[PDB]
Every structure is written in structure tokens, then in C-alpha cells.
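**Student:**
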RNA sequence: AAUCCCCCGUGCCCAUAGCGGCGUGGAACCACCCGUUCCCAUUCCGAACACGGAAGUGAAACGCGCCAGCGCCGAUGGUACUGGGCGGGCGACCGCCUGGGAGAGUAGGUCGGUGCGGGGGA
RNA sequence: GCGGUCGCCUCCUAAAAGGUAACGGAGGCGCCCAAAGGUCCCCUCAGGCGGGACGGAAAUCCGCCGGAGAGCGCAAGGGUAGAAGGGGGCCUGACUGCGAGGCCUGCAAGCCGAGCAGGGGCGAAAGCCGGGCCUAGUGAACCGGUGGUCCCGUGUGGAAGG
RNA sequence: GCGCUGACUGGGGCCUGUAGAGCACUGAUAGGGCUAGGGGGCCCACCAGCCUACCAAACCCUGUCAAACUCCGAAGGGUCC
RNA sequence: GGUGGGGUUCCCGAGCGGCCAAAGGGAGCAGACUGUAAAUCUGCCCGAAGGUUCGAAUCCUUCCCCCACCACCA
RNA sequence: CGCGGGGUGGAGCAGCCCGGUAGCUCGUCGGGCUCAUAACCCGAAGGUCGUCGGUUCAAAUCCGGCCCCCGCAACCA
RNA sequence: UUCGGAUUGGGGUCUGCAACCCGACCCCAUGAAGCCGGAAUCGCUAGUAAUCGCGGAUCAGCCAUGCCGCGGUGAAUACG
Ligand SMILES: [Mg+2]
Ligand SMILES: [Mg+2]
Ligand SMILES: [Mg+2]
Ligand SMILES: [Mg+2]
Ligand SMILES: [Mg+2]
Ligand SMILES: [Mg+2]
Ligand SMILES: [Mg+2]
Ligand SMILES: [Mg+2]
Ligand SMILES: [Mg+2]
Ligand SMILES: [Mg+2]
Ligand SMILES: [Mg+2]
Ligand SMILES: [Mg+2]
Ligand SMILES: [Mg+2]
Ligand SMILES: [Mg+2]
Ligand SMILES: [Mg+2]
Ligand SMILES: [Mg+2]
Ligand SMILES: [Mg+2]
Ligand SMILES: [Mg+2]
Ligand SMILES: [Mg+2]
Ligand SMILES: [Mg+2]
Ligand SMILES: [Mg+2]
Ligand SMILES: [Mg+2]
Ligand SMILES: [Mg+2]
Ligand SMILES: [Mg+2]
Ligand SMILES: [Mg+2]
Ligand SMILES: [Mg+2]
Ligand SMILES: [Mg+2]
Ligand SMILES: [Mg+2]
Ligand SMILES: [Mg+2]
Ligand SMILES: [Mg+2]
Ligand SMILES: [Mg+2]
Ligand SMILES: [Mg+2]
Ligand SMILES: [Mg+2]
Ligand SMILES: [Mg+2]
Ligand SMILES: [Mg+2]
Ligand SMILES: [Mg+2]
Ligand SMILES: [Mg+2]
Ligand SMILES: [Mg+2]
Ligand SMILES: [Mg+2]
Ligand SMILES: [Mg+2]
Ligand SMILES: [Mg+2]
Ligand SMILES: [Mg+2]
Ligand SMILES: [Mg+2]
Ligand SMILES: [Mg+2]
Ligand SMILES: [Mg+2]
Ligand SMILES: [Mg+2]
Ligand SMILES: [Mg+2]
Ligand SMILES: [Mg+2]
Ligand SMILES: [Mg+2]
């Protein structure tokens, strides 16, 4: 017999809205494990590091080098 | 050790968690009741 | 320095086999000292007292004539 | 207490002989004494803090500063020592009080060391500071020998602004440090 | 018998034999070499059957370089087969060898001497080979 | 030694500010002088400036400071500006910086 | 006002801005620096943090330059691989078409650029 | 049959969204912390080399070099010093009443959540605070216990029992 | 019932870590040099102590390997306009 | 969850309202006897807080554990 | 292959649960008594815990592998 | 420890052809174990035991604390 045999549930992680999608206040934007997308303008980040639109708007991505990747919501939806 | 916090009178309040023998003491800390507002809140039972 | 619980450090007087060390500046003023060197006892301005160099030498000398 | 003979002796004897020897272009470039840090590893006292506090009482008496306490960085089992226990005492001193302490150290302390053919001159650490250990604590004038429960030594660290070793030597030489040549 | 000391995982997946490639391939250490024509798992007990063929031909002389190494664990099911329960039981090790790679590669021996050794050495191998010399093309580096 | 306590604590106190997204009232105190800008980030643009340098004053820098404080309100409040966030940068909020701040009232408020 | 150059802030690009070596700056700014009465301070130390200063030095720090030893960036050609279409081999695997096309490596490149506001020069 | 296994977390398998199987490869959980929690203020590692009494490969001390390989209570992963790490001070938001809008998803669950109100905490303020860097530390309903409260009380008031 | 929103296709953004490849990390790993530790062969037994045609840290030249390695990273795939 | 017993010097163990270094046993130490080993013999040495009285190891409240027992488990 | 138990001074056994200081009997060694030996008496020495990794501050002790050992199993076919 | 004098450094005296191995002695320095000894075991019944010194023999000198003698002071206890 085998002492192996487990695995855990898929956590269905990753990005839930991409650039230039129209979001709404509260929409969550990224589901993620560490801080690998840091919150930008109008983007909150919850205790599971999870990012959500603060305002209705549209989503843009920004790659700031050693500063990291950033998700902003650009208002006036 | 499951934990249950009384306060003074009217006895409704809220409950808690203590997994330790510290504090072994009367275990009392400040909190908000549903009727009056923010009283002493000791621990019973 | 923090105020309270700290030693005074007051100008003092130190003595020795020599005269006084005027400088001092330490807690517990007027202290006595066993031997201070830099007034040149003890190997500074070395006297080299009760020196020997006689280990080979002694049996080289009295044994010379005898 | 801004007089301090050794301090003066640095400015009106040592600084000049220094420029004459190494030929320094700038006023600042010539070696200064910053920071004599004294330290006792006391781990001889682990579970007894009573032994520690008597020893910090001792330093303050010779230094004129109440020392810090150093605490175990990591737990290392082979000799006792769990993490965070008091290890020993450490006091930083500068600026006057380093002077007044070094003065006493040269005229009184070191003369009172058994043997003492002079200070080993390899302890310059090569970036030009010097370090020395002491066996007992009663070689200082402030200690009365009837106050000692047990003899515990220390580590003295002296930091120079001298970029090099040979320079740092000169400074301390000319200050009157009895090197073993 | 070559075999890694201190492995990180015993038992790794089989994976494919595709794409003849990836370094080795240019004869860096010696005067002549054995190059793989076809892909294979080549077994530690195969590599040493090649090594010894050659040192025997040099009468303990020469220099021999190997240059493939069996780091891939080979499992097997005991006899007693039945599919399941687990995976089980590493036998040997193999090195994966795709085409154009130099294994072996002698030096410090006369040409016709080494070329005879490499030919012997080749028969101990499951795939086809080519013997080679060394080149401008094997550059400088 | 990479990236000193100075420049950490500096970032640490700045980054928090830049989050709430107000106008930033930045404060540079030097050994002689004390200067203050009011900055709009995302336009990357200074709006209203004040200093002991440009107002050519001296006499006891904590008192000088409060003056470049009242000086900044004045100039700034004039453009519509109210509600900023007080930088304080590497400085403990204390002394000269506390004073430019606590003289930066009557406009540019909440500190 | 503008254009320029130098400094001080403060952003942006996020190493082509970095390490190292050399050189250079104190009028002004900035630093170190002068003190520790006062505010406020260091599990000890005005080191730091803080205040009052202004004699000195640009030694340290910083700013500006120069050098390609390092670091970093890096083609073009060519391959690998491959979306779609076809073949071949007992097999492991291979090949052709059409479109896309790396990685390493070679040539090289670089000792930053730039915005807003100050102070100073013209 | 015997043996193993049965829920939960991490990684790979998994074919660069998600998801994805096997008696495929490996590991972990059924706790824990009144500080290991909130906040404000500071502080920055491991390691290497040189120096230094008892001190040794490593107790503490000093110098330089070290961009994160250390630490983050525990497995792994992701994350992370421009702190999530270490220290200190005041503190109990490990609040009550709610909850736009979404992640996920057969159902039922699981999850994140701005914002308003009450009364607070820390902070000069901006602000943060509805436990803990995060992802495991769990159990529908039914039946019953205990505390409270307004609700019902079999003609009526009580009481029994809900 | 709605009624142009559909599959597929064009353009544009964003997302990803596989094929390939790489060795910067985690490990594995061939040849050489230089070197701690050491087997030792031994010079002493006091610190000493020369040599390695054995191990083998680090380090440098050369050369590779990896589902649970990645300094890199296609084609494609997903999603919104 | 309930009931009943407890808790004493190193172990056990009796423990009483007029103090009980607190019976006793064995353990340990030092003596006596000794083929060995002993047996015999002599000396040495109040769970907790609070509370009632003049006095608490004794009576009560409380708290902590032990032993015992009965009962229940959605 | 399967499952359960084990491996520790010269022998035979504790200790492993529950991490931190390895114990018991015999044996061995030095002495005593005897004319002498044995019995008996007074002293002493001796093990790194099968082995290799790992966990932790610390491993005989907890985890994994390999190695020997003892027991049970292998049925319907 | 002013107990005790083992070890060891240095300095010398004497016998002797000669004191390295291996002499005795003097002086200065050094001061160790040892705080009354496990199981066991020895002597002694009186001027004995204990204790204290002195002499001879051999012998150049001496490793003699041995041996053979001398006197000095001088116990305890034998139920059986
Ligand atoms: Mg998974
Ligand atoms: Mg220096
Ligand atoms: Mg190849
Ligand atoms: Mg062949
Ligand atoms: Mg100047
Ligand atoms: Mg000048
Ligand atoms: Mg004062
Ligand atoms: Mg302090
Ligand atoms: Mg300079
Ligand atoms: Mg390139
Ligand atoms: Mg190309
Ligand atoms: Mg194609
Ligand atoms: Mg390229
Ligand atoms: Mg700029
Ligand atoms: Mg079964
Ligand atoms: Mg996927
Ligand atoms: Mg896919
Ligand atoms: Mg399990
Ligand atoms: Mg270090
Ligand atoms: Mg060191
Ligand atoms: Mg890490
Ligand atoms: Mg705190
Ligand atoms: Mg909802
Ligand atoms: Mg509120
Ligand atoms: Mg039912
Ligand atoms: Mg019910
Ligand atoms: Mg109601
Ligand atoms: Mg009613
Ligand atoms: Mg009725
Ligand atoms: Mg009724
Ligand atoms: Mg249409
Ligand atoms: Mg469509
Ligand atoms: Mg399209
Ligand atoms: Mg691959
Ligand atoms: Mg590698
Ligand atoms: Mg891969
Ligand atoms: Mg690239
Ligand atoms: Mg697209
Ligand atoms: Mg007997
Ligand atoms: Mg015997
Ligand atoms: Mg016998
Ligand atoms: Mg270990
Ligand atoms: Mg049957
Ligand atoms: Mg002799
Ligand atoms: Mg005595
Ligand atoms: Mg005797
Ligand atoms: Mg007789
Ligand atoms: Mg006598
Ligand atoms: Mg005699």
C-alpha cells in the first residue's frame, strides 16, 4: 500500500477582472495568495490579500518594477 | 477552555476563547454591552 | 544622561608610590592606589629591578676560575 | 568636567605629532577617538539575576554610566542558554566620559595588572580599532576588594576614525598605551 | 555503478524522450568521443559495462571521461504484478541520452587505439552511435 | 550598509500618507532652515511653497518655523486649498516641525 | 518673467541609473560641526532622536564629473519550440507546409533620464 | 477477502486562465497566542571576515562587507525589511446593529468586503482598529442543557410548558 | 417571451509560467586547479609537522541534470471592449 | 454533570477544640550485637485563601486536585 | 511482498509513551577472608543506544529511509 | 592554619679518583596529599603498652625511617 493519497481543494485563485473591464464598488479584482498584486488607486485589499474595487470605474494594471504590480480602478465609470 | 463573559446585571453580553491557564485570574476585560455602553465585563461559569 | 540612578563622577584625588594624579574625575573621590606605573615605577621607564640574565651566565663565571 | 588631562593631551601633543608623521591634508582627516565600548559576557550568571545586578553596579562605579543588559540572541543548548536570558552587561561611553575613563585606565588600571609586560599589538582589527580583554575588575581604583563576591573580567573595544591600522596604533601609542612593542 | 548520493526525491515520473538536444554534444575534454545517434534511457549498469570495456583496452592506461550520469531513478513492480496498489521500488538509475550527445570521450591514447576502444564501448550500448574526433567546430570557449 | 534608517522611516511615514490620497504638506527641516511644500501626487506637481530661506528671517528656529507655518496657510488657503495631510517625513512630530505644523493652522487644517 | 547653469525639495522611469577607482564642490544651499541650558531623548551612550547655535571643514555624508574590472541592459542573423495543415517510423520518435518564434550566445550598449517647485547665478 | 484508505491544508501530476483522474509522487491539520491581539513611535536580517578574558563551531562585545538566502508559533506554498520581522507606550475593534457589491458554487455551504449608526481605542493629524502575513485547526439537522428577554400561556389570573 | 446579443472571425488591451531553454535559487553532477577539514604514512608525543595517484567544505576554470529547481520564457489559451 | 470521601514532616498512616514538630509504622543517619545477610535493641528528625472564638492540624464558607460512585450523551 | 513487535555496556533485560542527566542482575577489574578455591564482604571500570538522513534549542527517546530479528498472515483457486 | 613537610627551582658544604644515572647534608624559595582512614587486621597483662631521646655494630660517605641495645617519663584492663 501507499502512504500518499491526499491533496487539498482547488482554491480557484487569480485575477477576476482584467484591464479595462467595467467594475463596480466592491467587485473583487484579484484573488491571490501573497501580495503579488498590490492595491492601486481605488483598490482595497482584504485580510486574505484580496483586492476589490473601492469605486465603480475601470480596471488598469501597472508594472512598477521593484515596486511591483499594481491594480487601479480608474473612476468615472 | 470555552469562555463565557457576564458583566453586571441584565446578563446578555458576548462570549470568548481561552486556551490557557493564563490568566488563571478573574479574567476581566473592557467591552460593549447591547443595552448600556462599554462596561467592565467579567468572566463566569 | 538619564536623571537618577547614575553615579556622581566628581573631581577626585588619587595617590600612589608617587605624588598625586590631579586629573582623576571619577566617582568616589580621594582614592588610594597600589602602584601607578606612568610615574615610572613598574616597567615603564623600566628599572628592570632584581634582573638576572644569569641562567647560562652563572656556570660560565664562578666555574671560570674556581 | 571638560578639562580631563588626556583629552587636552590629545590636542596639544598628539594631534600635532600625528600630522607631522602621516602628513594629513585636512583638519578632520587626522584620527579622532570615538567610543570606548566596555562589555562583560556574564553568562556565568544565567538563572541568577542577583549575580548580574551586582556586576552592573560595579561598572557604573568605574565608568560613571549604568550599563545595558545584553540578552541571548539564540538558544544554544550545549552550555545552558535558552533565548532571551540575560547574558551580560554592555556600556557605551564617549565624549569626556570615555576620556576620563581611558585616563584612569592608562595611569592606574594597567599598572595594577599582575605581570603586564604591556599591551599586545596585534589586536588592531585591521580597519584600525583596537580591542583588549581584562581578567579581574579590581585593577580599577574604584574597586575596594572587600566588595568583590567573585572576580569577573571584561572586553574593551576602542574605536578610531583612523582608516588604517598603523595610524590607529600611532594615536594610541602617543596617547600612552603601553604596547609590548 | 554510478548513482547519485543524497537524492532529493526517489521516484520521479517517466517523462518523454523527445527532442535530441541540450548540451554535452561538442567534445570538451578529450581527443575522441562517442556520440548518441538515437534517444534512450541508459543504465548505470550499462555505463560501467562501457567504462570497463575501454579501460581494459588501454590496459588500465589512457584517460576516459564518461560525461553522462544516471540521476534518473528507475522503478519496477515486484513480479507478482497487479496494477496498483502503489508505484514502488526503484531498481537502477538511468541517464537520459538524446541524439548528438557525447558520452565517454577518451584522451591520451593513439587514434586507432581509442577508435577501437570506442567501438567496443559502443556495442555495450542500447542505441546506435558515431565515433568523433575534435574540431574547429568544437570551438575554443 | 544598504538603505539607512533615515530613508526607511522616511518611506514608512510617507507611504502611509500617500495612501489616504490627500494633498501632501511635505516638510524639510535643515540645520539652519525649514521649508515646506504642498504637493499633488498623480499630477506630480507642487502647489504652494514656504520657507525660512525665501522669507529671509532668523531668530530661534522653532519660532521661525511657526512663522513659515502661518506663511503657508496664507499663501495656500488663497488657492482654495483646505484639508491636507501633514508629512513630517523623517522628523519626529516635535519641536520645529511640530511648530510649523501647529502654526500651519488657520487654513490647511486638522493638525 | 523666458532660456541656460549650480544647488535644495520633492515625484516619475525602476540597474543603461549599480559596485568599485579617480577627480571635484563650501560663496550659497547641504552636511558634518559648536554646545546640552531649555523642549525632547537614548532597555547604557545627545551615537541616534531633540533643542540653542555658527567658530571651523568639505575629512565623513551628499551633489557633480570622469573610467567599462565587475554588475545591469542587449540586437541582427540562426536555431529550439509551436497555433493551423500534411506526411513518415514496429517503436522511442522524425520530417514537410503555412503563420508565430524564443532561451543562451555574438555584435554591441551603459558610470542614467526626467517632472513640478524652491534658492542662487546670467 | 486480507491490507490500506475515507474530512481538512500545502506542493507536484495539471498540458503558462479556471477546473481536471488513478490503491500516481511527497508532506501536513483536529491546535495555538491576553499577547503571538489594536494602535503610535522607533529598530532591521542571516551569513562571512578581522578584533576581544573566562567563550569553545557557534552566550555577549567592536569593525567592516552582506537586498534578503533571516524572521514571520506549526506543513508547504505564495508573500514580505519602502515589513508581514524585532522593541517599546497607551490600550481590548478577539465591539454592538447592519451591509452596497462580489469571489466561489448543483444545493447547502465556504469567502472578501467598502460604507452608515451606536459607543469606543491608539494617534498631533491624515488615519487605522469588527483578532492573528495568508491559505488547514472542522461537523447540517434533530433531541436536550444553561443564561437572558420582551413573546404565547387551552374559560380567567397565575403557573406548567414552549 | 426578448429580440442581435450566438458559435466562429478581425483589432485592441489585460492575465499566465507550460513547450523550448537556462543554472541566478533548491538539489544532483563530470574533469581540472587551488585549498579548510580530514583517512592517515607518520615525524613528536609540547604547540609542532612536511606530502597527497583517498575522501571532500567552500572558491575559480571547464562540462551537464531535474514533475514537486527557474535568471528566462514562445506558439497558444482565457477574459473585457 | 451529580453524590460521597479525601488532601498531614520523604512514603503510609491515624488526626483531637485547650498546645499537641503533631500517634504510630517504615525509610534515612549514628550507636550496640555481627561468618554473610537480617532480626532484635538504643538515640536523631497540617492542599489553599478567608473567616468564628482567648486558643484552629479540629468548625463553616470558598478554591484546587485525588480517590469513589451513580447517571447521561443530540 | 503484507501486517504487528524489536535492535541499548561482555550476557540477559529496563529506560523510548511523556525530548534535557542511560538503570538492573550477572559477568569483568582491584582489594578483603581462607593453607587454598568457591561461596561471601569492601571498592571500581565499562555502553553512544543497528545504521543513514530529518525535526528541534537539545534526539536512546519524535519522524523517514535502509539493515538485520521475532511473531502473525498468504483464503475462494 | 605558625598544622603537615611531599614535590620542585636556585645556592652551597663534605667524603671520594669520581656523586649524570644513584649519595648524605646546609641555606633560600616552593609548599602537595593529608581533617584521623572500607571490608578487614596487628601488638601488648607493668616499669608492659604508649611516648621521648641516646649509643654502638657495618662504614670513605650513605639512601638507617632498618637492626641490635640504653635509659627517660609511664597508662588501661582482665567478669569470665
Ligand atoms: Mg491543490
Ligand atoms: Mg576605524
Ligand atoms: Mg544532445
Ligand atoms: Mg551500439
Ligand atoms: Mg561653509
Ligand atoms: Mg572657506
Ligand atoms: Mg539638562
Ligand atoms: Mg537610552
Ligand atoms: Mg569628500
Ligand atoms: Mg541576450
Ligand atoms: Mg531572432
Ligand atoms: Mg508549425
Ligand atoms: Mg535574445
Ligand atoms: Mg529630479
Ligand atoms: Mg480491511
Ligand atoms: Mg492550470
Ligand atoms: Mg491549460
Ligand atoms: Mg496523514
Ligand atoms: Mg554577524
Ligand atoms: Mg569573530
Ligand atoms: Mg524566507
Ligand atoms: Mg504593542
Ligand atoms: Mg451579498
Ligand atoms: Mg465611529
Ligand atoms: Mg433523526
Ligand atoms: Mg430546543
Ligand atoms: Mg425587539
Ligand atoms: Mg401574558
Ligand atoms: Mg385550564
Ligand atoms: Mg389560563
Ligand atoms: Mg449582429
Ligand atoms: Mg462574442
Ligand atoms: Mg478576437
Ligand atoms: Mg523541460
Ligand atoms: Mg544550479
Ligand atoms: Mg519545469
Ligand atoms: Mg530576456
Ligand atoms: Mg486576446
Ligand atoms: Mg561484617
Ligand atoms: Mg574478586
Ligand atoms: Mg576467593
Ligand atoms: Mg540531531
Ligand atoms: Mg471460505
Ligand atoms: Mg645517580
Ligand atoms: Mg583542623
Ligand atoms: Mg591507618
Ligand atoms: Mg603473658
Ligand atoms: Mg610524636
Ligand atoms: Mg638512632
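Protein chains in written order, with the entry's author numbering: chain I8, 9 to 85; chain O8, 9 to 53; chain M8, 1 to 66; chain 41, 2 to 182; chain 88, 1 to 141; chain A8, 2 to 112.
All C-beta atoms, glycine included, are put in the ideal place defined by N, C-alpha and C.
Say whether chain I8 places a C-beta atom closer than 8 Å to the C-beta of residue 124 (chain 88).
**Tutor:** Numbered from its first residue, the fifth chain carries residue 124 (chain 88) at position 124. Not closer than 8 Å to any Cβ of chain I8, the Cβ of residue 124 (chain 88) fails to qualify, so no.
**Student:** With a threshold of 8 Å on Cβ separation, who are the neighbours of residue 84 (chain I8) within its own chain once the five nearest residues in sequence on each side are excluded?
**Tutor:** By one-based count along the first chain, residue 84 (chain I8) stands at place 76. Answer for residue 84 (chain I8): 65, listed in chain order.
**Student:** Between residue 53 (chain 88) and residue 121 (chain 88), which are expected to be in contact by the criterion C-beta below 8 Å, what is the C-beta distance as a whole number of angstroms?
**Tutor:** As a working note, residue 53 (chain 88) is residue 53 in the fifth chain. As a working note, residue 121 (chain 88) is residue 121 in the fifth chain. Contact flag correct, Cβ pair sits at about 5 Å.
**Student:** Of all Cβ atoms in chain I8, is any one closer than 8 Å to the Cβ of residue 8 (chain 88)?
**Tutor:** Residue mapping note: residue 8 (chain 88) aligns to position 8 of the fifth chain, counting from 1. No, no contact with chain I8.
**Student:** In chain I8, which residues lie with their C-beta within 8 Å of the C-beta of residue 85 (chain 88)?
**Tutor:** One-based indexing of the fifth chain puts residue 85 (chain 88) at position 85. Going along chain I8 in sequence order, the residues near residue 85 (chain 88) (Cβ under 8 Å) are 9, 10.
**Student:** Under 6 Å Cβ to Cβ from residue 61 (chain 41), same chain only, skipping five residues before and after it: list those, please.
**Tutor:** The residue you call residue 61 (chain 41) lines up with position 60 of the fourth chain. Same-chain partners within the cutoff: 67.
**Student:** Taking the alpha-carbon positions, what's the residue 45 (chain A8) to residue 85 (chain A8) distance?
**Tutor:** Along the sixth chain, read from residue 1 onward, the residue named residue 45 (chain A8) stands at position 44. Along the sixth chain, read from residue 1 onward, the residue named residue 85 (chain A8) stands at position 84. Approximately 16 Å between the Cα atoms of the pair.
**Student:** Is residue 92 (chain 41) buried or exposed, if buried means 16 or more other CB atoms sit within 10 Å of its CB?
**Tutor:** Within the fourth chain, residue 92 (chain 41) is the residue found at index 91, counting from 1. Residue burial annotation: residue 92 (chain 41) is buried, with at least 16 other C-beta atoms found within 10 angstroms of its C-beta.
**Student:** With 16 as the cutoff for other CB atoms within 10 Å, does residue 16 (chain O8) come out buried or exposed?
**Tutor:** Sequence index remark: in the second chain, residue 16 (chain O8) carries index 8 (1-based). Exposed, since its Cβ has fewer than 16 Cβ neighbours within 10 Å.
**Student:** Express the C-alpha separation of residue 19 (chain 41) and residue 165 (chain 41) in angstroms, rounding to a whole number.
**Tutor:** Here residue 165 (chain 41) corresponds to residue number 164 of the fourth chain, with the count starting at 1. Here residue 19 (chain 41) corresponds to residue number 18 of the fourth chain, with the count starting at 1. If you take the alpha carbons of residue 165 (chain 41) and residue 19 (chain 41), they lie about 13 Å apart.
**Student:** Quick check: is the beta carbon of residue 23 (chain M8) nearer than 8 Å to any beta carbon in chain 41?
**Tutor:** Here residue 23 (chain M8) corresponds to residue number 23 of the third chain, with the count starting at 1. Yes, because at least one Cβ of chain 41 sits closer than 8 Å to the Cβ of residue 23 (chain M8).
**Student:** Based on DSSP bridge pairs, tell me the residues matched to residue 7 (chain 88).
**Tutor:** Within the fifth chain, the letter at position 7 stands for residue 7 (chain 88). In DSSP, residue 7 (chain 88) forms no bridge with anything.
**Student:** Which two residues bound the contiguous beta strand (DSSP E) that contains residue 157 (chain 41)?
**Tutor:** Here residue 157 (chain 41) is taken as the residue at index 156 of the fourth chain, counted from 1. That run of the beta strand (DSSP E) goes 155-161.
**Student:** Quick one: which chain 41 residues come within Cβ less than 9 Å of residue 33 (chain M8)?
**Tutor:** Looking up residue 33 (chain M8) in the third chain gives position 33. Under the 9 Å cutoff, chain 41 gives 108, 109, 112, 113, 142.
**Student:** What does DSSP give as the partner residues of residue 71 (chain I8) in its beta bridges?
**Tutor:** To locate residue 71 (chain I8), count along the first chain from 1; it is residue 63. Answer is 77 (chain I8), bridged to residue 71 (chain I8).
**Student:** Considering only the beta carbon of each residue, do residue 68 (chain 88) and residue 125 (chain 88) sit closer than 8 Å?
**Tutor:** One-based indexing of the fifth chain puts residue 68 (chain 88) at position 68. One-based indexing of the fifth chain puts residue 125 (chain 88) at position 125. No, Cβ-Cβ distance for residue 68 (chain 88) and residue 125 (chain 88) is not below 8 Å.
**Student:** Taking Cβ positions, are residue 35 (chain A8) and residue 25 (chain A8) nearer each other than 8 Å?
**Tutor:** Here the question's residue 35 (chain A8) lines up with position 34 in the sixth chain. Here the question's residue 25 (chain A8) lines up with position 24 in the sixth chain. For residue 35 (chain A8) and residue 25 (chain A8), no; Cβs fall outside 8 Å.
**Student:** Which of the three DSSP states, helix, strand or coil, is assigned to residue 99 (chain 41)?
**Tutor:** Here residue 99 (chain 41) refers to the residue found at position 98 of the fourth chain. In the three-state scheme derived from DSSP, where H, G and I count as helix and E and B as strand, residue 99 (chain 41) is classed as helix.
**Student:** Assuming the contact rule is C-beta atoms closer than 8 Å, residue 74 (chain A8) and residue 108 (chain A8) should be a hit. Round their C-beta distance to whole Å, please.
**Tutor:** Counting from one through the sixth chain, the residue named residue 74 (chain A8) turns up at place 73. Counting from one through the sixth chain, the residue named residue 108 (chain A8) turns up at place 107. Indeed, because the Cβ distance is near 3 Å, the residues count as touching under 8 Å.
**Student:** Let me know if residue 8 (chain 41) comes out buried or exposed under the rule of 16 or more other beta-carbons within 10 Å of its beta-carbon.
**Tutor:** Counted from its first residue, the fourth chain places residue 8 (chain 41) at position 7. That one is buried.
**Student:** Would you report the Cα separation of residue 62 (chain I8) and residue 31 (chain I8), rounded to the nearest angstrom?
**Tutor:** The residue labelled residue 62 (chain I8) in the question sits at position 54 within the first chain. The residue labelled residue 31 (chain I8) in the question sits at position 23 within the first chain. Between residue 62 (chain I8) and residue 31 (chain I8), the C-alpha separation is close to 10 Å.
**Student:** Can you give the beta carbon distance from residue 30 (chain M8) to residue 58 (chain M8), rounded, assuming they're within the 8 Å contact cut?
**Tutor:** In the third chain, counting from the first residue as 1, residue 30 (chain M8) sits at position 30. In the third chain, counting from the first residue as 1, residue 58 (chain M8) sits at position 58. Actually they are not in contact, since the Cβ atoms of residue 30 (chain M8) and residue 58 (chain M8) sit about 48 Å apart, beyond 8 Å.
**Student:** Evaluate the contact criterion for the stretch 95-103 of chain 41 versus the stretch 25-45 of chain 41: three or more CB pairs, one atom per stretch, below 8 Å.
**Tutor:** yes
**Student:** Quick one: complete beta strand (DSSP E) runs, 3+ long, within the stretch 103-148 of chain 41?
**Tutor:** 131-135
**Student:** Does at least one heavy atom of ligand 4 sit under 7 Å from the Cβ of residue 129 (chain 88)?
**Tutor:** The residue given as residue 129 (chain 88) occupies position 129 in the fifth chain. Flag set: Cβ of residue 129 (chain 88) near ligand 4.
**Student:** Have a look at residue 62 (chain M8) and residue 51 (chain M8) and give me their C-alpha separation to the nearest angstrom.
**Tutor:** Position 62 of the third chain, counting from 1, holds the residue named residue 62 (chain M8). Position 51 of the third chain, counting from 1, holds the residue named residue 51 (chain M8). The alpha-carbon atoms of residue 62 (chain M8) and residue 51 (chain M8) are separated by roughly 18 Å.
**Student:** Output the boundary residues of the alpha helix (DSSP H) element that contains residue 12 (chain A8).
**Tutor:** Mapped onto the sixth chain, residue 12 (chain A8) falls at position 11. First-last of the alpha helix (DSSP H) with residue 12 (chain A8): 6-21.
**Student:** Looking at the C-beta of residue 27 (chain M8), does it have a partner C-beta in chain 41 at a distance below 8 Å?
**Tutor:** Here residue 27 (chain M8) refers to the residue found at position 27 of the third chain. Output row for residue 27 (chain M8): interface = yes.
**Student:** Specify the secondary structure class of residue 91 (chain 88) as computed by DSSP and reduced to three states.
**Tutor:** For the purposes of this step, residue 91 (chain 88) is taken as residue 91 along the fifth chain, with counting starting at 1. Residue state, collapsed to three classes: strand.
**Student:** Mind checking residue 42 (chain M8): buried by the 16 CB within 10 Å criterion, or exposed?
**Tutor:** As a working note, residue 42 (chain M8) is residue 42 in the third chain. Residue 42 (chain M8) is buried by the Cβ-count criterion.
**Student:** In whole angstroms, what is the alpha-carbon distance linking residue 64 (chain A8) and residue 100 (chain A8)?
**Tutor:** Taking the first residue of the sixth chain as 1, we reach residue 64 (chain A8) at position 63. Taking the first residue of the sixth chain as 1, we reach residue 100 (chain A8) at position 99. Going by the C-alpha atoms only, they are around 7 Å apart.
**Student:** Under 7 Å, CB to CB, which of the residues in the stretch 21-38 of chain 41 have a partner in chain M8?
**Tutor:** When C-beta distances to chain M8 are compared with 7 Å, every residue of the stretch 21-38 of chain 41 stays at or above that value.
**Student:** If we count Cβ pairs, one from each stretch, closer than 8 Å, do we get three or more for the stretch 154-168 of chain 41 versus the stretch 117-134 of chain 41?
**Tutor:** yes
**Student:** Taking Cβ-Cβ distances shorter than 8 Å, what residues in chain 41 pair up with residue 6 (chain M8)?
**Tutor:** Here the question's residue 6 (chain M8) lines up with position 6 in the third chain. Residues of chain 41 passing the Cβ test: 61, 65, 66, 67.
**Student:** Mind listing which residues have their beta carbon within less than 7 Å of any non-hydrogen atom of ligand 2? Chain order is fine.
**Tutor:** 128 (chain 41), 129 (chain 41), 130 (chain 41), 160 (chain 41), 161 (chain 41), 162 (chain 41), 163 (chain 41), 164 (chain 41), 169 (chain 41)
**Student:** Name the one or two DSSP bridge partners that residue 89 (chain 41) has.
**Tutor:** Here the question's residue 89 (chain 41) lines up with position 88 in the fourth chain. According to DSSP, residue 89 (chain 41) bridges with 42 (chain 41), 71 (chain 41).
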